[PDB]
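Protein chains in written order, with my numbering: chain D, 1 to 150; chain R, 151 to 298; chain G, 299 to 490; chain P, 491 to 886; chain Z, 887 to 1000; chain E, 1001 to 1237; chain X, 1238 to 1360. For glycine and all other residues, C-beta sits at the position ideal for the given N, C-alpha and C. Reviewing the structure listed below.
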Amino acid sequence: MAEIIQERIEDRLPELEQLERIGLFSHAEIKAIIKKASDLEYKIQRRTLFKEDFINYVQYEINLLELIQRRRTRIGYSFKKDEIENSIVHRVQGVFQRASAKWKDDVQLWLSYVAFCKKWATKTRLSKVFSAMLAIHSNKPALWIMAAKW
Amino acid sequence: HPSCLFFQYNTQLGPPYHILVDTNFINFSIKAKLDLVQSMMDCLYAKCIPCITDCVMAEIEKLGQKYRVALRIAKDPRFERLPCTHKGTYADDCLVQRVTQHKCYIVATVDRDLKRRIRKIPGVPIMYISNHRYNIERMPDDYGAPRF
Amino acid sequence: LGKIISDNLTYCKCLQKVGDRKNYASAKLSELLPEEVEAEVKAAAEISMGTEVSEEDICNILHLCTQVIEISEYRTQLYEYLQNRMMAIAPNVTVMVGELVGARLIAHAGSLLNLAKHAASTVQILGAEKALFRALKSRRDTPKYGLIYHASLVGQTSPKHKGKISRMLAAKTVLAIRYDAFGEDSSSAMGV
Amino acid sequence: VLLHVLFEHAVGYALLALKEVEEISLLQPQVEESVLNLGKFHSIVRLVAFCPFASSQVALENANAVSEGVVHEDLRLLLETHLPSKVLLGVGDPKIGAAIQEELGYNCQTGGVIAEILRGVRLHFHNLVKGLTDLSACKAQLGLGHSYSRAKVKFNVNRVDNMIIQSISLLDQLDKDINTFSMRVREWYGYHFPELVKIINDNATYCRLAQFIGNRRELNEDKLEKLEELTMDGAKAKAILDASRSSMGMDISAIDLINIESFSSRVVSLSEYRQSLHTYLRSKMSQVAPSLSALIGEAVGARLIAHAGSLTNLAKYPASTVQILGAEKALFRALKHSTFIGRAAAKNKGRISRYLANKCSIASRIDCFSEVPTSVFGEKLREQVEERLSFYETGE
Amino acid sequence: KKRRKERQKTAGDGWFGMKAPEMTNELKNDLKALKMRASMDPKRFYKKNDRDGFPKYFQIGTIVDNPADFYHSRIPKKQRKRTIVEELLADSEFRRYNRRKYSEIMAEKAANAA
Amino acid sequence: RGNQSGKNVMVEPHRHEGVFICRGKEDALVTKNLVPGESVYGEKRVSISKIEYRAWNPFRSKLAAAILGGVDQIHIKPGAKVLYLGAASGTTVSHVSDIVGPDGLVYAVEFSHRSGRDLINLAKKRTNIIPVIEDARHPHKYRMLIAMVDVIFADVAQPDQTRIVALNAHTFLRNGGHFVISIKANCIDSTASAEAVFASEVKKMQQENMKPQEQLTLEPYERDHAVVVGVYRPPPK
Amino acid sequence: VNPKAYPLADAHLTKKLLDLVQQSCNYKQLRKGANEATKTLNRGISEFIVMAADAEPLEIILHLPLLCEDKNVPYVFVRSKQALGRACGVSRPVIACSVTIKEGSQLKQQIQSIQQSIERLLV
RNA sequence: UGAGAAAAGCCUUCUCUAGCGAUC
Ligand SMILES: [Mg+2]
Ligand SMILES: [Zn+2]
């Protein structure tokens, strides 16, 4: 139940406390982020699972990344990218991998995963995504063109 | 009621005999120095297939090193090794259950209480050792049996 | 196709338009069928379990369903014909109970004048003859609906009130029957 | 224990990877849950590749290749693409494993833990490949199961007797419907011109004339001449005009005339479909049972099949029972139905019926199992019937 | 309670939803005759009845005619009846035997009473 | 005499699901017709008031004789998948298709090409029958067409029945499934006695990780015939 | 040969078949003719079916193999209807004959040996 | 048997299966 969610929140804690070190975020903002992260985490660890919960989780993390990106330019602080941004991107990649494993037939989820890998992920991670796509969706010529186009 | 029996007479029991051997029957055969297959053929004048269950084999192994000779005789390529899936090692209930199911075996044993149980089951002969010879109890086609 | 389409006339028109499954994809069924449903009809064409039919087999099927649609066209014309004659002969009865129920009432008695000789209670239980005599011999409760059960007024009412409405309708209906049988002027003033 | 398994299904080929398993205790009560439960099975097994079949003909070709144990081009295409090139491949057939090892360097194993994993894949296959293919797995197996069976036996779709039983039932149904409607047409038109029912003896002919003449008031000159063509003889048409001039009928309203014309038109259109169905039955009988149709006729021959229930059932019956199939309707006793040259006396009527039944039994057997059906045997059997008929009638 | 009541009106899905017919004096008369079939023919012997009561789910029908059994097994339409009890009323063999047995019992009983 | 055409009759359910009893002057064993108005092999059918049942002949079918003989379980119930080995023309297969209903599926295996054509014609009318014209000795040659099944019925009449059934059971039969095997004693071994054959066949089933549970003879209808019902890989209790 | 005449007996087995047919005729244990052979299959009293492959239409006896598959009755073909006629004790050629089940018959050992030989032909 | 026996409406405590969840 809450043991896995607790593990994930304690994993999320260090980048939040580093953000509090930055001065990018205030303590009440950290509390609100923790609360909403726990609320979103509780939905995707249930016995009955829906795709929209995964979509909302991914969208919330993307919005948090965008907010951090906007605030870093105003502050002028460019250090500690790896401590926060890479951790968030790794968590989002794990969420995408679980969602794609659960629902293989949904092409739209695969394309959203490809788009996020293009925007935020290393090129080799995007390379692995196309191989997973073409392995089970080799009967669609358009997907072959998109991989060759990239 | 089984179709094999014409009242108390077992018709499907045929000249190739499949017979269940008890653990004490092996030991007394060695004590009287009676060959197992050879003496049975003398009693019936027919081909006989001794059969050993897993429960009967297990009891011989539990006897120990003192009874090793009987264990080596029991594992004989002419013998018929048939399995049994029973939670335990008690063999009298194992043989009795096989008698009730199939009615094609002849019970070879020397234990008194087991023989009194088999006599209550109709149409199944009983084989035992009398004097220095093998004897059959409830068989019409006994032929070369001890005459008394 | 049989599971997805329940309207028999719509089913036969689709068969008359297109013979084989191969021509489902090219042809258009918008005028007969809604666009959202025809997509399901078109989609099932590729994934089919049926066996391929010969050219003579499909022609015979077309002739059969052609006969099916013509019966409905004539039956509609016959039904419209019945409404016209019911309006002219007994206009007051048709306003009250309806064209179909009034026609069945006349057919049961054999004539309009024979129906006029009947009482109000008999018209209520005219259809239910099997329940009436079974109850009368066994001394049970008598039926209360008859052929009036399919009247428009009786159908709309709640099941608790279907007993009261039946006798009120039947008592008023015979007044229209007498006037239509014996009156020399054809009008719907009283029935309305 | 990391290895790859190749699972062949009616929908397509699937390649799967096994991460870990308790091999030695697999066939034990507690460890067996690893493959039975879907959640535990997903833990140790993944789907790395799936190649569905494009069409039913493609699926049938792969089904034959798998049975023969040869490697199809589609199978090698999947194997070469997604397998790295020291590789363990699991297959269910020893013959296909050797063939793959000859074509490609992969090592193939056919037994052991692999046999247990394949049962887990077979049990949970629909969950792994859900949504990857348009055609469902249950229907694909049903579709492929038939088409595989037809190819082995060389089944011919033309020589299928289903339409004959359906046609016979409908022809009996159509006859009852036409007769009922024709009676009401005559009664309705009897109100206006009752003389027509006496002159015309055919229900179909009566409705055709009822269409031609709406009212007896206008039947004269050129319309009489046109009426003469519809009637078989011109004498009756001239008598019809005198009947129209001097009649006891009552004038009908305009709307009553429109109703009767539309009704009497439908009986004619119903009759022509029945005539077309009879032609359809005659052509169908030629393809299925030409020799039986030649011997006894298409109408009687098709009815014999309907009583038997199938062409195969008719052939399996002995000669004595085939006579009984026609006992109720006197198919063999009533001879003009089947028409033969010459006649049989009442004394020899029973003998001819028995002889005709034996010939029909032989004719049905010829039609049933033939490589190609041909009606020469039917004509020879018919000639033998005529010879026996002439033998009894003249005495030699 | 209401879902229990709906399930007892039918035999279930195991027998494709057979319904329990409404019991009438004509249906009850037929079922009583079927139970007492042992005494109809003195030369025919039957096994014991499966249940002492009447079955809850049952249906009534007739055997379809077959073209092959025109002479071997077919009853003419004049001899057919609408119900089982009327068939017992029609045949002479059952009536002739039953009246002899019934009269014998009463003649025995009249002596018993006296 | 018999059950003549045109006689009133009553139909009541049997102890087994999907099987019915035809109560009258005589009692017959009947199943509900999946295709009304058709007779597979000339059996007598009864019309019920839209609903129609077909009589089951125990002399031409071994499953009917076992049911009439007093067997405990047949394990063939509506909505079940059945693998049938040795379908032949399909007389018994038609009754099996009636029991499983529209939801259940029947897999008919028959090597003979002559009898194979009859199965296809029968499969035309019954959508729940999948004809498989292949040898039953090689289950790997038709593994694409068959999914996991619940009951395996074998009437192949071969000396190697147990080996044929065991190979099919390992490949297609699910855990906890059941098998019904008909044994003709004359076919496996003519020299040995009939009952001694039955004991040997039961033993070979145990050596193939199959647990037989019951057996009975078909004496009134067949001579030296037996039917064995068992379970494959029982779940823990 | 016509491929539909698949179980064709060789020279040695043919002599055994025709000898047994003549012996069965003496014991009143033989049914002669295609129609009579069909009736025994329906009544379940047949040991095996012997048919002649030289019938000018082979099609008139092809219904008998279908009945044999349902009753599990072995069957064979022979090359001559004329040779089959002599063993049946008739003056006309015979295209199909059936050996009848008889209780207590002393031909049981010879019949049982033939049934095993026929089953061997079908591999 | 003997908080007699019988029938209705409310809370309390608990038992079985069956999917579902474990793929990052
Ligand atoms: Mg002891
Ligand atoms: Zn034991």
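Helix, strand or coil at residue i [DSSP, three-state]
i: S456(G); result: coil
i: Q1158(E); result: coil
i: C858(P); result: helix
i: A1028(E); result: strand
i: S575(P); result: coil
i: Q1260(X); result: helix
i: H1014(E); result: coil
i: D1150(E); result: strand
i: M289(R); result: coil
i: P200(R); result: strand
i: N597(P); result: strand
i: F980(Z); result: helix
i: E512(P); result: coil
i: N390(G); result: helix
i: residue 135(R); result: With chain R covering 151 to 298 only, the question about residue 135(R) has no answer from this structure.
i: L1085(E); result: strand
Under 7 Å between C-beta atoms of residue i and residue j
i: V393(G); j: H448(G); result: no
i: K1062(E); j: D1155(E); result: yes
i: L1173(E); j: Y1221(E); result: no
i: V1229(E); j: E1214(E); result: yes
i: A553(P); j: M1144(E); result: yes
i: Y1107(E); j: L1068(E); result: no
i: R288(R); j: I276(R); result: yes
i: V971(Z); j: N915(Z); result: yes
i: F175(R); j: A258(R); result: yes
Amino acids of chain P, ordered along the chain, whose beta-carbon sits closer than 8 Å to that of residue i
i: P962(Z); result: Here the premise fails: no neighbours, minimum Cβ distance about 12 Å.
i: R1174(E); result: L613
Residue i Cβ short of 6 Å to ligand 2 heavy atom set
i: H236(R); result: yes
i: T203(R); result: yes
Distance cut-off 6 Å: residue i Cβ against heavy atoms of ligand 1
i: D261(R); result: yes
i: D243(R); result: no
Neighbour list for residue i in chain P, Cβ cutoff strictly below 9 Å
i: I1164(E); result: Going along chain P, no residue has its Cβ under 9 Å from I1164(E), so there is no contact; the nearest lies around 17 Å.
Listed by chain order, chain Z residues near residue i by CB distance under 8 Å
i: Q1073(E); result: Within chain Z, no residue comes near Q1073(E); the closest Cβ sits about 14 Å away, beyond 8 Å.
i: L720(P); result: Ordered by position in chain Z, no residue passes the 8 Å Cβ test against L720(P), which lies about 41 Å from the chain.
Closer than 8 Å at the beta carbon, the chain E residues around residue i
i: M904(Z); result: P1013
Contact test: residue i Cβ vs ligand 4 heavy atom, cutoff 6 Å
i: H236(R); result: What this structure holds is ligand 1 and ligand 2, not ligand 4.
Chain-ordered neighbours of residue i on chain R, where CB pairs are closer than 8 Å
i: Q1207(E); result: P233
Please identify, using Cβ separations under 7 Å, the residues of the stretch 930-949 of chain Z that lie next to chain E, in order along the chain.
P941, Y943, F944, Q945, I946, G947, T948, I949
Output needed in chain order: residues of the stretch 1294-1325 of chain X with a Cβ under 7 Å from some Cβ in chain E.
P1302, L1303, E1306, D1307, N1309
Please list the residues of the stretch 181-214 of chain R that have a C-beta atom closer than 9 Å to any C-beta atom in chain E, keeping them in chain order.
none
Please name the residues in the stretch 1334-1349 of chain X whose beta-carbon is closer than 8 Å to at least one beta-carbon of chain E, in chain order.
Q1349
Along the stretch 629-654 of chain P, what residues have a CB closer than 8 Å to any CB found in chain E?
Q631, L632, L634, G635, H636, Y638, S639, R640, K642, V643, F645, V650, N652
Can you list, in chain order, the residues of the stretch 324-345 of chain G whose Cβ is nearer than 9 Å to any Cβ on chain P?
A341, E344, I345
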